[PDB]
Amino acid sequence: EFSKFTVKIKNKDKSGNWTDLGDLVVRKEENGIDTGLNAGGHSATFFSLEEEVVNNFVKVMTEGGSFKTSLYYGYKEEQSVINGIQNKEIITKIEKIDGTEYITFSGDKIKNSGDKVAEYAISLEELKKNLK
């Protein structure tokens, strides 16, 4: 019934380097979108958003810009991961990495460091492929 697709994703690691993280599943819902992160023994909502912002998202996720999340969780070292946080903006920039061009976005800050947010990238071609 609903448009589903999944895509691959990376986070910069403990030394600020990029690294295969796992899968980002992206599911269309009656109320907007839920994205889920499959990454080892972690498979749980990564973040989600409301119908209002879908359109924006679809653009942002294929040309950068920003959009507000209904719920943002992120991934295992982020502060936001266990409880979730609301209305977290998310700014995507297009940035080249190795031979390929990627959508990148900062995640939440990290426990228990100071000023060390997380970062993610997703292949612009896998995104453009799916969100046309």
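Counting begins at 1, following the sequence as shown.
Between the stretches 110 to 118 and 20 to 28, it is 110 to 118 that shows the larger average CA temperature factor. Judged by mean Cα B factor in the deposited record, 123 to 131 ranks above the other of 123 to 131 and 3 to 11. Ranking 40, 99, 36, 74 by Cα temperature factor from the entry places 99 first. Ranked by C-alpha B-factor against the other modelled residues of its chain, residue 61 falls in the middle third. Per the deposited record, the Cα B-factor of residue 94 falls in the highest third when ranked against the other modelled residues of its chain. When all modelled residues of the chain are sorted by CA temperature factor, residue 55 is found within the lowest third.
The PDB entry assigns residue 45 a C-alpha temperature factor belonging to the lowest third of its chain's modelled residues. Among the modelled residues of the chain, residue 83 sits in the middle third by CA temperature factor in this PDB entry.
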